[PDB]
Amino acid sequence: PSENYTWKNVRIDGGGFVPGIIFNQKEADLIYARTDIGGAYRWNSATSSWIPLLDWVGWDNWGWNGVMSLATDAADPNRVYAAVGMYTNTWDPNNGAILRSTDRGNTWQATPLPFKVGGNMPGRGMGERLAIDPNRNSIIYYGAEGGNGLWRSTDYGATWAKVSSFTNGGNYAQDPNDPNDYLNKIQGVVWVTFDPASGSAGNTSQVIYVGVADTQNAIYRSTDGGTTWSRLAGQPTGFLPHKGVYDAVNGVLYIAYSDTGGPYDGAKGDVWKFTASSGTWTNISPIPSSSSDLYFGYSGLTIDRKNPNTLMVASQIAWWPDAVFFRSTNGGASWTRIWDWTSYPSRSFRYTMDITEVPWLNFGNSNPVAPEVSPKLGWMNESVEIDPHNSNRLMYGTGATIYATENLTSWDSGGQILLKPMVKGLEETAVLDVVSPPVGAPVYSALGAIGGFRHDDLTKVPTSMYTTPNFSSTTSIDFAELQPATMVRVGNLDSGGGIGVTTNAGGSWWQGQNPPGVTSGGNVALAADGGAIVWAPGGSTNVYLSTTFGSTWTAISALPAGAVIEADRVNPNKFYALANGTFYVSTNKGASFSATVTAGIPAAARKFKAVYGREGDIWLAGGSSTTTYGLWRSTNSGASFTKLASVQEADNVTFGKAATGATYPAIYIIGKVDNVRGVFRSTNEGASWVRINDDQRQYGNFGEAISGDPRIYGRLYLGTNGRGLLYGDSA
């Protein structure tokens, strides 16, 4: 029963991988970005921010936040298309689709494809797989994964079918024997590139190039408008084509190759130029694979459409010392580089970088060891793109951000370019945990990949993620309810796990010691008075107690490894745990636990929380469609639970400031109520619910982490997996 809400991202700016940036070839300032887990965006030049286009993807079709390819129509810039779906293994139960729009992504219609799309799979930086004929814009191609080959629509994307005459679907998988079933999928037909001079407006383009992840048959061509196809004669072998860029001014195809599909690796490759009139091949690599010291392949290939003798390419991948970008102003006959060695470990630079708007991009390290700098130029830089309307502007994606320059041709006159982040509005993090204390800052985030932050102001990017320790991913965070400046957090670092503690609300932290066997953060609880920590680390065989604020540990005998731990928010002697349908309680401040409930709680449930101000009041959410599912509450410190009749399904629960005149905190759930999936609030102890999101604001596989706000009625901090941390307020 909806209430009008306003939803916004807590401001972080970026934080994830941007495998593709796409400029429209006819309309200036029209730019899109595709992400691997976080949907797609359109740039708004009036507000200098990105606009998310796929927030209407919901609980059952969540994989469609994986955006494997996107095409914006040069001939009709209101038209845009996306290939969506997240995994090609069992982690995404649904097939992929092609989405079509006639209003720049404000709305879409879907056409399901009879196979999966791998928006968050290996190979996702190769592209674009989707391409629109620039002369007859009713014709769209899609290079598919899996060996499904080349697919096509002749009706503006509404219907799709296999191109029967294209008979090489690709034969490369990163690791065909991967027991984890992630690196083992056929990456397929990886890009489609038209020659626009091969037709005229209204008539089918006759010349089409296609890249295939097949070391021995990387490049195909049609000269009859896609009726027949054949491998390009004389092409090089041994490598996979990440990008194929065609210039009709000089009549040349440029291809960037690497020895893997990316995006995290690549040890060798080449850049080649095919001249279409003569059929000649020329190796234009800045550093060719015949050179003994090459230690990367190539991607990030882009041509300057305003001045098409100029092109750039980039390392796929140089982790050390940093990425390298190359620029040629003579069609690849010679290059210069964005940095050079002077005397190792020192370098000279053709760029400067200003992260004032996104200061956490130095990863908390303002004392890098040469030859590294901080922030770095980038990594996972598969998409590097010159603005086809402005030779001075370039944008590129990394595994954390988008950087941009507006003075690129400064390079050509011997100067430095300026690079800055360009991610306002693009919010791509996965939220693992979140807390809102009753004093101090409104919220603390625990994030994948970039650690997380104290957010002093929801409208301002935080200065730094947590340091000392700096986790790559913070998996769990807690504060002592009766002493909220005392906090703990656990997470991942340096291939294992660790714990951080603070007594000044994160003004400074320090790192505790580890119990045996820690391989990842797992989850943590802090007693209500700060006097005890219970940590269930990843990898460890047990759950551990500290009475020394993380300095030392002792094993808890009764708990299963990896149990979910929660403190009572009132009584410092009480802790709780949940694992696989058994609920456990401690009344001796975490030293020992006993099983209290072994029936009626779904085995799959793994979220529960004690209520601030209410000793022994606990709400529990979880289950599955094939077992039982819903929301349970205990008012007796976990001795028994009762299922709420008013909820069909629930996946998480939290509490926030009570409604005026109400006798209990407001309750927020991720769930299904009266046959509607969404986000729900109850201000009467669960007796009824009101939906606080809406069908355009669903955010896919959200809700791993949520928190209400004890100081602000109506507010929910809503974590997502790829759309950052949202806050909703009653309007």
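Sequential numbering from 1, following the sequence displayed.
Student: Can you tell me which stretch has the higher mean Cα B-factor, 530 to 538 or 263 to 271?
Tutor: Per the deposited B-factors, the answer is 530 to 538.
Student: Which is higher in the entry, the mean Cα B factor of 374 to 382 or that of 436 to 444?
Tutor: Comparing averages over the C-alpha atoms only gives 436 to 444.
Student: Which one of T352, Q187, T88, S640 shows the biggest C-alpha B-factor in the PDB entry?
Tutor: Highest CA B-factor of the listed options: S640.
Student: Can you pull the Cα B-factors for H242, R129, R489, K589 from the entry and say which is highest?
Tutor: Reading the PDB entry, the winner on C-alpha B-factor is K589.
Student: Compare the C-alpha B factor of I22 with those of the other modelled residues in its chain, then answer lowest, middle or highest third.
Tutor: Answer is lowest: the recorded C-alpha B-factor places it there.
Student: How does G66 rank on Cα B-factor within its chain, lowest, middle or highest third?
Tutor: Ranked within chain, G66 CA B lands in the lowest tercile.
Student: Can you tell me which third, lowest, middle or highest, the CA B-factor of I31 falls into for its chain?
Tutor: Its C-alpha B-factor, which the entry lists for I31, ranks in the lowest third among residues of this chain.
Student: Check where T660 lands among this chain's C-alpha B-factors and tell me if it's the lowest, middle or highest third.
Tutor: Ranked within chain, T660 CA B lands in the highest tercile.
Student: Looking at the entry's B-factor column for C-alpha atoms only, identify whether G39 ranks in the lowest, middle or highest third of its chain.
Tutor: Tercile = lowest for this residue's CA B-factor.
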